[PDB]
Amino acid sequence: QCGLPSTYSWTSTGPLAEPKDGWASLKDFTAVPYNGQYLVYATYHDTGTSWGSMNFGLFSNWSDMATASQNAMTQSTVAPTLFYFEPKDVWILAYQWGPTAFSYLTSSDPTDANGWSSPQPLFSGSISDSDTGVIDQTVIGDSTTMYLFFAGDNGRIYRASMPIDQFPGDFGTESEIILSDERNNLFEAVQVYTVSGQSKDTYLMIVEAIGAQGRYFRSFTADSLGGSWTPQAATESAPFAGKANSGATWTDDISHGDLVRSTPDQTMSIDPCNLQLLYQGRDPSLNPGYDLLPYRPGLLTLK
Ligand SMILES: [Ca+2]
Ligand SMILES: [Ca+2]
Ligand SMILES: [Ca+2]
Ligand SMILES: [Ca+2]
Ligand SMILES: [Ca+2]
């Protein structure tokens, strides 16, 4: 068994895939182990003004991601969260910019980018002091409760909860603000995981921040998903993952993605002995506007 360190240091792959022809970027990755392989969903931006979602074909090795297929979704599930909700034998794809503040689709075969149900409401509430409104949800459960976490591009991280029996369902309208900092410091792309192999419940939160050298992640930890969060690696010079410690040669940004989860279920479990981050990065010298930033997947592996 292993523990999470209070500071982090990684090595990185190069960019793992080029976007489908006609797309500018692949973003906001969510991944699960599936069939002994990896199943990845993502945001895309085209080479014009439009957003969508996609999945990759199954692939076994991270170096196979470059030749995995890229499958555009008919239902746009921007900034998706993929997981298997084991208690009801159902796969969940949570996302934003759907019919309500957050939405989810259901499926029995998550490999089919276009085999999902029509949307169901995941969250119908709003937040104060945000120009974007709610963004970048994730969903995670323990033995009693399912939790919704999200951001607001406003320095704040939010949480909603429901008894686990009630899921899949709408978390409702209410949320609690659980962290608040400068806007750049707790910006977006929040993720929460159960650290496996621990003698007491241990949860890891990462939040994307805007740094002087680029996008990076700050980490927080908690003893309970419904408890308070304490900063862990939470500065740009000693971050969870960023230019300071990523070993990434092709990107300064370490941005919206997913730690590599050890199982696909709602506990969002990670193996601290084999910590890896599937992130979005981009060539530092290409800085177009219009949301055309050429984000690509990359993989950090914890030393
Ligand atoms: Ca985004
Ligand atoms: Ca089951
Ligand atoms: Ca996400
Ligand atoms: Ca209210
Ligand atoms: Ca509230």
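Looking at the structure I just gave you, is residue 115 more than 27 Å from residue 243 (Cα to Cα) and touching a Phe, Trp or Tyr at 6+ places or on another chain (Cβ under 9 Å)? Here the answer is no, as residue 115 does not meet what is asked. Only residues that are surrounded by 20 or more Cβ atoms within 10 Å (Cβ to Cβ) and assigned to a strand (DSSP E or B): list them for segment 250-291, please. Within segment 250-291, 255, 256, 257, 258, 259, 270, 277, 278, 279, 280, 281 meet the criteria. Within segment 6-34, how many residues turn out to be assigned to a loop (DSSP other than H, G, I, E, B) and either without any contact (Cβ under 8 Å) to a residue 24 or more places away in the chain or in contact with a strand residue (DSSP E or B) (Cβ under 8 Å, 6 or more places away or on another chain) (or both)? The qualifying residues number 12.
Considering only residues in segment 74-93 that are in a loop (DSSP other than H, G, I, E, B) and more than 12 Å from residue 110 (Cβ to Cβ), the one that is nearest to ligand 2 (Cβ to nearest atom) turns out to be 89.
Checked against (1) touching a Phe, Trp or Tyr at 6+ places or on another chain (Cβ under 9 Å); (2) surrounded by fewer than 18 Cβ atoms within 10 Å (Cβ to Cβ), residue 18 passes all but a single condition, namely (1). In segment 181-210, the qualifying residues are those that are outside any strand (DSSP E or B) and buried (at least 21 other Cβ atoms within 10 Å of the Cβ), and the one that is nearest to ligand 1 (Cβ to nearest atom) is 187. Condition check for residue 205 on (1) of a type outside the set (S, T, N, Q); (2) in contact with a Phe, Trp or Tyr (Cβ under 8 Å, 6 or more places away or on another chain); (3) within 16 Å of ligand 4 (Cβ to nearest atom): one failure, at (3).
Has segment 63-79 got any residue that is of a type in the set (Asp, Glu), surrounded by fewer than 16 Cβ atoms within 10 Å (Cβ to Cβ) and away from ligand 5 (no atom under 16 Å from the Cβ)? Among the residues of segment 63-79, not one is of a type in the set (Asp, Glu), surrounded by fewer than 16 Cβ atoms within 10 Å (Cβ to Cβ) and away from ligand 5 (no atom under 16 Å from the Cβ), which makes the answer no.
Kindly evaluate residue 247 against the criterion of being touching a strand residue (DSSP E or B) at 6+ places or on another chain (Cβ under 7 Å), of a type in the set (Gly, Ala, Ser) and part of a strand (DSSP E or B). Answer is no for this residue. With respect to residue 178, is the statement that it is within 23 Å of residue 39 (Cα to Cα), surrounded by 14 or more Cβ atoms within 10 Å (Cβ to Cβ) and either among the β-branched types (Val, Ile, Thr) or under 19 Å from the mean Cα position of the chain (by Cα) (or both) true? The answer is no for residue 178. Among the residues of segment 218-238, are any of a type in the set (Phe, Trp, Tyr) and either closer than 22 Å to residue 52 by Cβ or in contact with a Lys or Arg (Cβ under 9 Å, 6 or more places away or on another chain) (or both)? No, segment 218-238 contains no residue that is of a type in the set (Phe, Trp, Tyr) and either closer than 22 Å to residue 52 by Cβ or in contact with a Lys or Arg (Cβ under 9 Å, 6 or more places away or on another chain) (or both). Going through (1) farther than 24 Å from residue 153 by Cβ; (2) without any contact (Cβ under 8 Å) to a residue 24 or more places away in the chain one by one, residue 120 falls short only on (2).
Reconstructed Cβ throughout: ideal geometry from the backbone, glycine too, with neighbour counts over all protein chains shown. No value in this document is a laboratory result; all are computed from the given coordinates.
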